[PDB]
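As structure tokens, the next two blocks hold two forms of the same chain, structure 1 and structure 2.
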Structure 1
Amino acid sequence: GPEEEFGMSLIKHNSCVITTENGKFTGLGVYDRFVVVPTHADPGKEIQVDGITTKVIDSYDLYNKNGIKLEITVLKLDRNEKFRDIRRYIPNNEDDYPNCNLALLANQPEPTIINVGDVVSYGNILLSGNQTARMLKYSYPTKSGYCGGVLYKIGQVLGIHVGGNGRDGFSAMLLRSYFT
């Protein structure tokens, strides 16, 4: 089945467990030594990538035009390994996406693929009191430990999981123009 194989491939080549003072998160390698984590992962001067202490050269928290956070932080890692370029899989615009999946690595016994169903561009939400913009919503009972999880569909890297309430799950949207 090509979409599930695409999912495991994306974890093999583009996923990693980013560890910070806040705990372990699924990091998504986007291109060269750039990786994204939830902004609430709160990455310091050094983070652990798959257990290896790594220095982060620069840390860029992503915000929309009106100053609201996107809950995406772009990390530029000090390390030899280069990530495969998945940018061509990233959407240029906001949209809705039926039958999506979530690729989990951190806090999981092993790389796990969860089907969260239909996804909708849901607008701004309040995560633990904090306004957050460009939210993809889905009706799936996502749990603690899922943050950083890569929302995807065959040939499509849609977003990274950042929150939920036992009922629904929310992902920070990935847009191509952010990785330019």
Structure 2
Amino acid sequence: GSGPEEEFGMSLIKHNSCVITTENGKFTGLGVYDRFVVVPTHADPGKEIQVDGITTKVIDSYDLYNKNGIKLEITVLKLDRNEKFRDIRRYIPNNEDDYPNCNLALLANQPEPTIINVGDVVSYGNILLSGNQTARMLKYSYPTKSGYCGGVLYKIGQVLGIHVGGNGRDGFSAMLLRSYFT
């Protein structure tokens, strides 16, 4: 920027993100409201986790699912925090959409907080090996790494997804909708 779309991302990292450590590694977490943090399901959190290096007891844990009952691959954790997150629910869209020129906000496994321009983002159907109960993720062409896991997909005034997967060429985010949190 620097740059309203970087300032936005940087402030989001600063005030709402954390590094969640589990037996599976380090993931970026996003505090949404109250003491709820969203983290990739693959982090596979125990009864206790580490938040920015500090052992925290997870009270409740909720796997998120779409309209057709397919797991999003993000889970919501109720933490033992101080403390309360500034409610960012208003930046989360209500419905699916495609989004031109998005960024990715990364904290975990990075030297310092990082903003990556991932380019244009399109919804893409999950590929199913059984049935036709569809699910979408937000896809982008960018060689993402497994260390980006948990990263926040955003644009100014919009918190759009959580980075959860990739194949070397494309990255994929779990599509965030406000109704998952209200």
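Numbering for residues begins at 1 and runs along the sequence of structure 1. By rigid core we mean the largest C-alpha set that fits within 1.5 Å across both forms.
Student: Using the core for the fit, does the CA position of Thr142 change by 2 Å or more between structures 1 and 2?
Tutor: No; that C-alpha moves by less than 2 Å between structures 1 and 2.
Student: Is it true that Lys65 shifts between structures 1 and 2 by 2 Å or more at the Cα, once the core is aligned?
Tutor: Superposed on the core, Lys65 moves its C-alpha 2 Å or more between structures 1 and 2.
Student: After a rigid core superposition, would you say the CA of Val120 moves by 2 angstroms or more between structures 1 and 2, or not?
Tutor: Shift of 2 Å or more: no.
Student: Upon rigid core superposition, what is the positional shift of the Cα of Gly129 between structures 1 and 2, expressed in Å to one decimal?
Tutor: Value for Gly129 between structures 1 and 2: 15.0 Å of C-alpha shift.
Student: How much does the C-alpha of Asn80 move between structures 1 and 2, in Å, when the core is lined up?
Tutor: Superposing on the rigid core gives a C-alpha shift of 1.4 Å for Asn80.
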